[PDB]
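Engineer: As input, take model33.cif (mmCIF, C-alpha atoms):
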data_model
#
loop_
_atom_site.group_PDB
_atom_site.id
_atom_site.type_symbol
_atom_site.label_atom_id
_atom_site.label_comp_id
_atom_site.auth_asym_id
_atom_site.auth_seq_id
_atom_site.Cartn_x
_atom_site.Cartn_y
_atom_site.Cartn_z
ATOM 1 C CA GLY A 1 -10.002 19.357 -14.385
ATOM 2 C CA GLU A 2 -7.245 17.001 -15.421
ATOM 3 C CA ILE A 3 -5.559 16.745 -11.990
ATOM 4 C CA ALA A 4 -8.918 15.914 -10.415
ATOM 5 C CA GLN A 5 -9.452 13.337 -13.154
ATOM 6 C CA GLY A 6 -6.077 11.787 -12.338
ATOM 7 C CA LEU A 7 -7.118 11.449 -8.689
ATOM 8 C CA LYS A 8 -10.400 9.843 -9.788
ATOM 9 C CA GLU A 9 -8.474 7.345 -11.929
ATOM 10 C CA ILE A 10 -6.295 6.522 -8.902
ATOM 11 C CA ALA A 11 -9.506 5.857 -6.937
ATOM 12 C CA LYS A 12 -10.694 3.499 -9.709
ATOM 13 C CA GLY A 13 -7.342 1.688 -9.491
ATOM 14 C CA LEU A 14 -7.881 1.194 -5.759
ATOM 15 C CA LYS A 15 -11.349 -0.230 -6.451
ATOM 16 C CA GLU A 16 -9.792 -2.668 -8.952
ATOM 17 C CA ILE A 17 -7.357 -3.727 -6.198
ATOM 18 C CA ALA A 18 -10.357 -4.327 -3.924
ATOM 19 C CA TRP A 19 -11.888 -6.584 -6.594
ATOM 20 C CA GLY A 20 -8.598 -8.476 -6.809
ATOM 21 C CA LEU A 21 -8.704 -9.057 -3.050
ATOM 22 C CA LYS A 22 -12.264 -10.359 -3.372
ATOM 23 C CA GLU A 23 -11.045 -12.805 -6.033
ATOM 24 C CA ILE A 24 -8.328 -13.961 -3.620
ATOM 25 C CA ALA A 25 -11.034 -14.462 -0.960
ATOM 26 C CA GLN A 26 -13.017 -16.657 -3.407
ATOM 27 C CA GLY A 27 -9.830 -18.607 -4.164
ATOM 28 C CA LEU A 28 -9.302 -19.299 -0.451
ATOM 29 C CA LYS A 29 -12.975 -20.272 -0.001
ATOM 30 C CA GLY A 30 -12.640 -22.985 -2.671
ATOM 31 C CA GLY B 1 -0.728 18.251 -18.678
ATOM 32 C CA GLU B 2 2.317 16.362 -17.494
ATOM 33 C CA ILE B 3 1.432 16.251 -13.771
ATOM 34 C CA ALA B 4 -2.033 14.960 -14.635
ATOM 35 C CA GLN B 5 -0.384 12.383 -16.894
ATOM 36 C CA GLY B 6 1.850 11.287 -14.017
ATOM 37 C CA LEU B 7 -1.243 10.712 -11.873
ATOM 38 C CA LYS B 8 -2.850 8.726 -14.708
ATOM 39 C CA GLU B 9 0.278 6.556 -14.968
ATOM 40 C CA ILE B 10 0.103 5.933 -11.210
ATOM 41 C CA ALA B 11 -3.517 4.809 -11.709
ATOM 42 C CA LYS B 12 -2.372 2.393 -14.440
ATOM 43 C CA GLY B 13 0.241 1.014 -12.029
ATOM 44 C CA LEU B 14 -2.513 0.370 -9.478
ATOM 45 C CA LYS B 15 -4.547 -1.458 -12.134
ATOM 46 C CA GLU B 16 -1.512 -3.646 -12.880
ATOM 47 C CA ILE B 17 -1.295 -4.428 -9.144
ATOM 48 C CA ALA B 18 -4.971 -5.428 -9.258
ATOM 49 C CA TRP B 19 -4.184 -7.801 -12.143
ATOM 50 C CA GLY B 20 -1.342 -9.279 -10.111
ATOM 51 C CA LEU B 21 -3.783 -9.968 -7.278
ATOM 52 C CA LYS B 22 -6.124 -11.672 -9.742
ATOM 53 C CA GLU B 23 -3.207 -13.865 -10.867
ATOM 54 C CA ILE B 24 -2.520 -14.757 -7.228
ATOM 55 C CA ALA B 25 -6.201 -15.726 -6.872
ATOM 56 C CA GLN B 26 -5.849 -18.053 -9.903
ATOM 57 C CA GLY B 27 -2.661 -19.507 -8.377
ATOM 58 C CA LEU B 28 -4.516 -20.328 -5.151
ATOM 59 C CA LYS B 29 -7.434 -21.837 -7.095
ATOM 60 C CA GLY B 30 -5.060 -24.315 -8.788
ATOM 61 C CA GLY C 1 9.159 18.401 -16.079
ATOM 62 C CA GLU C 2 10.966 16.959 -13.096
ATOM 63 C CA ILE C 3 7.945 16.667 -10.760
ATOM 64 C CA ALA C 4 5.996 14.902 -13.497
ATOM 65 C CA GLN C 5 8.994 12.629 -14.047
ATOM 66 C CA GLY C 6 9.022 11.771 -10.343
ATOM 67 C CA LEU C 7 5.357 10.759 -10.567
ATOM 68 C CA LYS C 8 6.143 8.648 -13.649
ATOM 69 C CA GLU C 9 8.951 6.902 -11.749
ATOM 70 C CA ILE C 10 6.502 6.178 -8.918
ATOM 71 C CA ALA C 11 4.168 4.624 -11.517
ATOM 72 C CA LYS C 12 7.046 2.446 -12.764
ATOM 73 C CA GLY C 13 7.665 1.350 -9.158
ATOM 74 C CA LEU C 14 4.024 0.298 -8.884
ATOM 75 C CA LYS C 15 4.361 -1.716 -12.109
ATOM 76 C CA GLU C 16 7.430 -3.460 -10.657
ATOM 77 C CA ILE C 17 5.331 -4.317 -7.578
ATOM 78 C CA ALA C 18 2.706 -5.787 -9.933
ATOM 79 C CA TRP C 19 5.405 -7.954 -11.555
ATOM 80 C CA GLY C 20 6.449 -9.131 -8.100
ATOM 81 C CA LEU C 21 2.861 -10.171 -7.392
ATOM 82 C CA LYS C 22 2.762 -12.083 -10.667
ATOM 83 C CA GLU C 23 5.909 -13.922 -9.573
ATOM 84 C CA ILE C 24 4.228 -14.774 -6.268
ATOM 85 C CA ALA C 25 1.258 -16.140 -8.258
ATOM 86 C CA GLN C 26 3.631 -18.394 -10.246
ATOM 87 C CA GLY C 27 5.225 -19.530 -6.971
ATOM 88 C CA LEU C 28 1.808 -20.529 -5.588
ATOM 89 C CA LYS C 29 0.893 -22.300 -8.857
ATOM 90 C CA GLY C 30 3.967 -24.559 -8.540
ATOM 91 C CA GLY D 1 15.071 19.933 -7.785
ATOM 92 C CA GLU D 2 14.686 18.632 -4.261
ATOM 93 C CA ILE D 3 10.936 17.859 -4.293
ATOM 94 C CA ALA D 4 11.376 15.955 -7.551
ATOM 95 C CA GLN D 5 14.285 14.098 -5.955
ATOM 96 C CA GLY D 6 12.068 13.170 -3.005
ATOM 97 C CA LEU D 7 9.521 11.680 -5.424
ATOM 98 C CA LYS D 8 12.320 9.762 -7.165
ATOM 99 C CA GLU D 9 13.484 8.376 -3.803
ATOM 100 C CA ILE D 10 9.900 7.256 -3.094
ATOM 101 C CA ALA D 11 9.939 5.461 -6.475
ATOM 102 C CA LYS D 12 13.183 3.702 -5.491
ATOM 103 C CA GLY D 13 11.504 2.603 -2.247
ATOM 104 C CA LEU D 14 8.650 1.102 -4.276
ATOM 105 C CA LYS D 15 11.187 -0.765 -6.434
ATOM 106 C CA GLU D 16 12.795 -2.161 -3.270
ATOM 107 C CA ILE D 17 9.331 -3.353 -2.171
ATOM 108 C CA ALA D 18 8.982 -5.073 -5.562
ATOM 109 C CA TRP D 19 12.287 -6.872 -4.955
ATOM 110 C CA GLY D 20 11.010 -7.970 -1.553
ATOM 111 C CA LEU D 21 7.940 -9.471 -3.234
ATOM 112 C CA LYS D 22 10.194 -11.281 -5.712
ATOM 113 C CA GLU D 23 12.142 -12.736 -2.777
ATOM 114 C CA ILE D 24 8.862 -13.963 -1.284
ATOM 115 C CA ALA D 25 8.047 -15.584 -4.643
ATOM 116 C CA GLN D 26 11.437 -17.384 -4.596
ATOM 117 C CA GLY D 27 10.753 -18.508 -1.019
ATOM 118 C CA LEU D 28 7.433 -20.042 -2.087
ATOM 119 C CA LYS D 29 9.054 -21.694 -5.136
ATOM 120 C CA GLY D 30 11.539 -23.526 -2.879
ATOM 121 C CA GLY E 1 14.182 21.815 2.149
ATOM 122 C CA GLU E 2 11.886 20.443 4.811
ATOM 123 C CA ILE E 3 9.111 19.186 2.492
ATOM 124 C CA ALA E 4 11.696 17.400 0.353
ATOM 125 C CA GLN E 5 13.153 15.909 3.530
ATOM 126 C CA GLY E 6 9.707 14.639 4.512
ATOM 127 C CA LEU E 7 9.418 12.888 1.143
ATOM 128 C CA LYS E 8 12.890 11.380 1.639
ATOM 129 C CA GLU E 9 11.833 10.070 5.070
ATOM 130 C CA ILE E 10 8.765 8.498 3.443
ATOM 131 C CA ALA E 11 11.114 6.811 0.942
ATOM 132 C CA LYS E 12 13.185 5.443 3.853
ATOM 133 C CA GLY E 13 9.968 4.087 5.406
ATOM 134 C CA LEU E 14 9.202 2.287 2.143
ATOM 135 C CA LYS E 15 12.709 0.793 2.136
ATOM 136 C CA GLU E 16 12.130 -0.476 5.685
ATOM 137 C CA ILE E 17 8.909 -2.112 4.440
ATOM 138 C CA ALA E 18 10.936 -3.767 1.663
ATOM 139 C CA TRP E 19 13.342 -5.148 4.286
ATOM 140 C CA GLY E 20 10.378 -6.487 6.240
ATOM 141 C CA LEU E 21 9.205 -8.325 3.118
ATOM 142 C CA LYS E 22 12.680 -9.791 2.684
ATOM 143 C CA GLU E 23 12.501 -11.043 6.278
ATOM 144 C CA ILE E 24 9.147 -12.664 5.503
ATOM 145 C CA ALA E 25 10.758 -14.357 2.479
ATOM 146 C CA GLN E 26 13.499 -15.770 4.758
ATOM 147 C CA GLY E 27 10.794 -16.953 7.181
ATOM 148 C CA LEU E 28 9.019 -18.835 4.373
ATOM 149 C CA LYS E 29 12.320 -20.325 3.149
ATOM 150 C CA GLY E 30 12.930 -21.877 6.594
ATOM 151 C CA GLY F 1 7.022 23.403 9.202
ATOM 152 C CA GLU F 2 3.750 21.660 9.916
ATOM 153 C CA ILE F 3 3.255 20.099 6.450
ATOM 154 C CA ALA F 4 6.801 18.741 6.567
ATOM 155 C CA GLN F 5 6.057 17.396 10.052
ATOM 156 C CA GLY F 6 2.947 15.660 8.724
ATOM 157 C CA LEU F 7 5.068 13.944 6.065
ATOM 158 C CA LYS F 8 7.586 12.895 8.731
ATOM 159 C CA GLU F 9 4.759 11.393 10.815
ATOM 160 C CA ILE F 10 3.609 9.460 7.732
ATOM 161 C CA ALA F 11 7.182 8.138 7.382
ATOM 162 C CA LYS F 12 7.100 7.003 11.033
ATOM 163 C CA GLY F 13 3.822 5.195 10.304
ATOM 164 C CA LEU F 14 5.500 3.368 7.411
ATOM 165 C CA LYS F 15 8.363 2.350 9.736
ATOM 166 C CA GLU F 16 5.808 0.944 12.198
ATOM 167 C CA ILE F 17 4.311 -1.069 9.314
ATOM 168 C CA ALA F 18 7.817 -2.396 8.571
ATOM 169 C CA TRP F 19 8.112 -3.527 12.210
ATOM 170 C CA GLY F 20 4.763 -5.283 11.870
ATOM 171 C CA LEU F 21 6.099 -7.154 8.844
ATOM 172 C CA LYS F 22 9.210 -8.128 10.819
ATOM 173 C CA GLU F 23 6.927 -9.546 13.525
ATOM 174 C CA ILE F 24 5.059 -11.544 10.876
ATOM 175 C CA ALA F 25 8.426 -12.895 9.659
ATOM 176 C CA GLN F 26 9.260 -14.029 13.228
ATOM 177 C CA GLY F 27 5.822 -15.656 13.481
ATOM 178 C CA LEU F 28 6.469 -17.638 10.283
ATOM 179 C CA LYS F 29 9.969 -18.622 11.474
ATOM 180 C CA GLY F 30 8.484 -20.225 14.615
ATOM 181 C CA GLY G 1 -3.148 23.864 10.152
ATOM 182 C CA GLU G 2 -5.914 21.696 8.775
ATOM 183 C CA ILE G 3 -3.920 20.182 5.878
ATOM 184 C CA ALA G 4 -1.127 19.293 8.291
ATOM 185 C CA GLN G 5 -3.749 17.754 10.579
ATOM 186 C CA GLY G 6 -5.060 15.674 7.682
ATOM 187 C CA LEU G 7 -1.540 14.340 7.069
ATOM 188 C CA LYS G 8 -1.188 13.546 10.788
ATOM 189 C CA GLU G 9 -4.477 11.617 10.712
ATOM 190 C CA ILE G 10 -3.172 9.634 7.734
ATOM 191 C CA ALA G 11 -0.059 8.819 9.795
ATOM 192 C CA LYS G 12 -2.293 7.575 12.640
ATOM 193 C CA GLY G 13 -4.141 5.370 10.136
ATOM 194 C CA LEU G 14 -0.826 3.851 9.065
ATOM 195 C CA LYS G 15 0.031 3.140 12.711
ATOM 196 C CA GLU G 16 -3.331 1.375 13.114
ATOM 197 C CA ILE G 17 -2.466 -0.750 10.060
ATOM 198 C CA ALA G 18 0.874 -1.590 11.716
ATOM 199 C CA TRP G 19 -0.977 -2.783 14.830
ATOM 200 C CA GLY G 20 -3.197 -4.935 12.635
ATOM 201 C CA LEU G 21 -0.084 -6.542 11.141
ATOM 202 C CA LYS G 22 1.262 -7.192 14.639
ATOM 203 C CA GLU G 23 -2.022 -8.927 15.478
ATOM 204 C CA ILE G 24 -1.649 -11.073 12.353
ATOM 205 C CA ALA G 25 1.877 -11.980 13.530
ATOM 206 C CA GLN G 26 0.426 -13.116 16.896
ATOM 207 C CA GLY G 27 -2.193 -15.148 15.014
ATOM 208 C CA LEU G 28 0.538 -16.923 13.007
ATOM 209 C CA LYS G 29 2.713 -17.498 16.116
ATOM 210 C CA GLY H 1 -11.503 23.049 4.391
ATOM 211 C CA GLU H 2 -12.518 20.568 1.729
ATOM 212 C CA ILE H 3 -8.994 19.391 0.810
ATOM 213 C CA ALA H 4 -8.233 18.807 4.486
ATOM 214 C CA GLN H 5 -11.529 16.914 4.763
ATOM 215 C CA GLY H 6 -10.496 14.716 1.824
ATOM 216 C CA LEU H 7 -7.257 13.858 3.642
ATOM 217 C CA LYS H 8 -9.253 13.051 6.796
ATOM 218 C CA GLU H 9 -11.505 10.722 4.783
ATOM 219 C CA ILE H 10 -8.392 8.997 3.414
ATOM 220 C CA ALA H 11 -7.221 8.529 7.025
ATOM 221 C CA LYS H 12 -10.593 6.946 7.893
ATOM 222 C CA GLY H 13 -10.167 4.593 4.913
ATOM 223 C CA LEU H 14 -6.786 3.520 6.286
ATOM 224 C CA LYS H 15 -8.379 2.838 9.690
ATOM 225 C CA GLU H 16 -10.984 0.645 7.960
ATOM 226 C CA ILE H 17 -8.101 -1.263 6.320
ATOM 227 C CA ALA H 18 -6.601 -1.742 9.797
ATOM 228 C CA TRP H 19 -9.920 -3.222 10.987
ATOM 229 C CA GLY H 20 -9.850 -5.569 7.987
ATOM 230 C CA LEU H 21 -6.374 -6.740 9.033
ATOM 231 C CA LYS H 22 -7.640 -7.367 12.559
ATOM 232 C CA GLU H 23 -10.418 -9.517 11.084
ATOM 233 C CA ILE H 24 -7.806 -11.481 9.126
ATOM 234 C CA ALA H 25 -5.869 -11.983 12.381
ATOM 235 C CA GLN H 26 -9.042 -13.384 14.031
ATOM 236 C CA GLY H 27 -9.542 -15.665 11.020
ATOM 237 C CA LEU H 28 -6.006 -17.053 11.420
ATOM 238 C CA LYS H 29 -6.475 -17.485 15.187
ATOM 239 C CA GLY H 30 -9.487 -19.755 14.572
ATOM 240 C CA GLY I 1 -14.281 21.246 -5.263
ATOM 241 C CA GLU I 2 -13.083 18.697 -7.774
ATOM 242 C CA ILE I 3 -9.668 18.002 -6.193
ATOM 243 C CA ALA I 4 -11.341 17.449 -2.828
ATOM 244 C CA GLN I 5 -13.813 15.135 -4.562
ATOM 245 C CA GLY I 6 -10.927 13.166 -6.059
ATOM 246 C CA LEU I 7 -9.481 12.689 -2.560
ATOM 247 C CA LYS I 8 -12.895 11.563 -1.297
ATOM 248 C CA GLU I 9 -13.101 8.997 -4.114
ATOM 249 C CA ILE I 10 -9.646 7.716 -3.116
ATOM 250 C CA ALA I 11 -10.965 7.325 0.452
ATOM 251 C CA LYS I 12 -13.918 5.300 -0.893
ATOM 252 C CA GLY I 13 -11.449 3.082 -2.788
ATOM 253 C CA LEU I 14 -9.596 2.428 0.459
ATOM 254 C CA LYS I 15 -12.870 1.468 2.148
ATOM 255 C CA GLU I 16 -13.554 -1.010 -0.663
ATOM 256 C CA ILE I 17 -10.080 -2.486 -0.063
ATOM 257 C CA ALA I 18 -10.961 -2.833 3.637
ATOM 258 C CA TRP I 19 -14.089 -4.782 2.675
ATOM 259 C CA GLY I 20 -11.971 -7.029 0.465
ATOM 260 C CA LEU I 21 -9.721 -7.773 3.438
ATOM 261 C CA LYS I 22 -12.787 -8.624 5.521
ATOM 262 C CA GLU I 23 -13.851 -11.059 2.793
ATOM 263 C CA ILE I 24 -10.396 -12.655 2.905
ATOM 264 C CA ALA I 25 -10.794 -13.017 6.697
ATOM 265 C CA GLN I 26 -14.112 -14.857 6.129
ATOM 266 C CA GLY I 27 -12.392 -17.066 3.546
ATOM 267 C CA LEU I 28 -9.714 -18.014 6.104
ATOM 268 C CA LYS I 29 -12.331 -18.527 8.893
#
The structure given in the file should be rewritten as structure tokens.

Structural biologist:
Amino acid sequence: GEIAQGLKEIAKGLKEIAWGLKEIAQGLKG
Amino acid sequence: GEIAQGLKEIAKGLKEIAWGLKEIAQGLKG
Amino acid sequence: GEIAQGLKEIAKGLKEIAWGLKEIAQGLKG
Amino acid sequence: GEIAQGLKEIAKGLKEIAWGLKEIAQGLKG
Amino acid sequence: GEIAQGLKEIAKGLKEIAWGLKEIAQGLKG
Amino acid sequence: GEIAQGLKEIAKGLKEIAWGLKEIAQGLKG
Amino acid sequence: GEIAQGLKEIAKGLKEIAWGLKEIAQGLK
Amino acid sequence: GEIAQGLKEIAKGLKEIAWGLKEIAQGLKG
Amino acid sequence: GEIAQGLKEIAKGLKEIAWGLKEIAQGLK
């Protein structure tokens, strides 16, 4: 369903945010 | 559907936030 | 529809947050 | 409609958060 | 309506968060 | 109603987050 | 109700996040 | 119910975020 | 159900964010 798909896309967005935080961590580390 | 589309736009907003975090990481790195 | 429009406005809010993060990145860079 | 209005108020809250982030950026910049 | 009111209270919470960010900005500025 | 009450509790949680941010601001200021 | 309970658990999670922020504030201070 | 369970899992995710913040606090403290 | 599954995926996303914060903590100290 399309609503379920929208929720799954939101989840993917949150995972992208997590990756961004990991990049910040690498930036702090050096 | 329009509600599903709204959820998909929210997901895109989250992806933009992720990109902002990546830019912050680059800003720390230099 | 008005509920869908509300979701779309939320998405726009998230994009504004992303722009704020990009400004923070620029602030760190200089 | 009142639920739609609630969503629109949430969006306005997100925009205020974005402005807060922009103020942080200005604080970093000088 | 009570659900709408709940959403409006959430919006107010987000505005309080925005104010907290503005206070952080002032703290960075001096 | 109980769903409305749940939303109101979420709003209170957001207000607590705002207070946390205010404490961070005070920590930066001194 | 169980949906209401789910929302209340989310609220508790937000309060835990708030406490984490307060701990960060103490760490800065 | 499965929707309720999804909300409860989201709550657990937020608690994990809180633990991450506590780890950041420890990182600042040392 | 698929909506419930979507919520569960959101929860997993939040857990990934938590791990990112832990990585930031390690980066700080």

Engineer: Select residues of chain H: the criterion is any atom within 12 Å of an atom of chain A, counting all atoms listed in the file; output as an MDAnalysis selection string.

Structural biologist: chainID H and resid 3 6 10 13 17 20 24

Engineer: Record the distance separating atom CA of residue G:22 and atom CA of residue I:29, expressed in Å with one decimal.

Structural biologist: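 Computing the Euclidean distance for atom CA of residue G:22 and atom CA of residue I:29 yields 18.6 Å.
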
Engineer: Quick check: residues of chain I within 12 Å of chain B, only C-alpha atoms, returned as a ChimeraX atom specification.

Structural biologist: /I:3,6,10,13,17,20,24

Engineer: Mind giving me the straight-line distance from atom CA of residue G:7 to atom CA of residue G:25 in Å, one decimal?

Structural biologist: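 Answer for the atom CA of residue G:7 to atom CA of residue G:25 separation: 27.3 Å.
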
Engineer: So what do you get for atom CA of residue G:12 versus atom CA of residue G:28, distance-wise?

Structural biologist: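 These two atoms are separated by 24.7 Å.
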
Engineer: Using only C-alpha atoms, can you tell me which of I:23, I:9, I:4, I:16 comes closest to chain G?

Structural biologist: I:4

Engineer: So, with all atoms listed in the file as the atoms that count, which of I:5, I:19, I:26, I:11 lies closest to chain G?

Structural biologist: I:11

Engineer: So for stretch 10-13 of chain B, what box centre and size do we get, axis-aligned, 5 Å extra on each of the six sides, every listed atom, Å to one decimal, as JSON?

Structural biologist:
{"center_x": -1.6, "center_y": 3.5, "center_z": -12.8, "size_x": 13.8, "size_y": 14.9, "size_z": 13.2}
